[PDB]
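Q: This structure is in structure tokens; I'll ask about it shortly.
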Amino acid sequence: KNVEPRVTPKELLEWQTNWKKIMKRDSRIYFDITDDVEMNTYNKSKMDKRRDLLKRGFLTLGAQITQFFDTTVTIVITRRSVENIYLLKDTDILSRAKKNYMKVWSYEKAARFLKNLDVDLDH
């Protein structure tokens with residue numbers, strides 16, 4: 001009903017394109033392999049498929065996925081809680097990630113992110 005959009009196609013494309021760079025040039029991503037829930041095999045396997053899907057998604061962006069966690073990581077993606085890292089062992093990669101000011105995402109956050117960049121996973 002009003003003729004000017006809040007955000008513009010190009011304005012949005014700008015936001016994407018900038019994130020897309022960060023991804024291609026600087027993003028080193030670790031998928032946390034520790035679970036905080038004793039799911040049954042079925043759901044454990046469903047969560048695993050989603051994880052793989054995200055990996056391919058980010059691969060599509062030219063990000064690096066390390067099988068191995070260290071200080072070079074920039075974003076950790078996990079299925080555990082993100083709000084309670086403080087309760088964990090200093091030893092824990094989520095603790096460490098926080099200690100090194102790394103970015104920590106849920107599977108939900110990651111999915112949103114990818115869709116916000118027009119990566120279609122269902123294909």
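Identifiers in this document derive from the order of the structure tokens: chains are assigned A, B, ..., residues are numbered from 1 separately in each chain, and ligands are numbered from 1 in order of occurrence.
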Using DSSP on the backbone, list every residue of chain A that comes out as strand (DSSP E or B), and give them as a list in words.
A: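 Selection result, strand (DSSP E or B) within chain A: residues 28, 29, 30, 31, 64, 65, 66, 75, 76, 77, 78, 103, 104, 105 and 106 of chain A.
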Q: Find the residue from A:4, A:108, A:26, A:14 that sits nearest to residue 64 of chain A; use only C-alpha atoms when measuring.
A: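 That would be A:26, the residue with the smallest distance to residue 64 of chain A.
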Q: For segment 30-34 of chain A, work out the shell of residues within 9 Å, counting only C-alpha atoms and skipping chain neighbours fewer than 3 positions away, then give it as a PyMOL selection string.
A: chain A and resi 51+55+64-70+73-80+93-94
Q: Could you tell me how far atom CA of residue 101 of chain A sits from atom CA of residue 53 of chain A, in Å to one decimal place?
A: 25.8 Å
Q: I need the residue nearest residue 29 of chain A from this list: A:98, A:103, A:46, A:123. Use only C-alpha atoms for the distance.
A: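 Smallest separation from residue 29 of chain A among the options: A:103.
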Q: Identify all residues of segment 3-95 of chain A in helix (DSSP H, G or I) (DSSP on the backbone) and supply them as number ranges by chain.
A: A: 9-26, 41-59, 85-87, 93-95
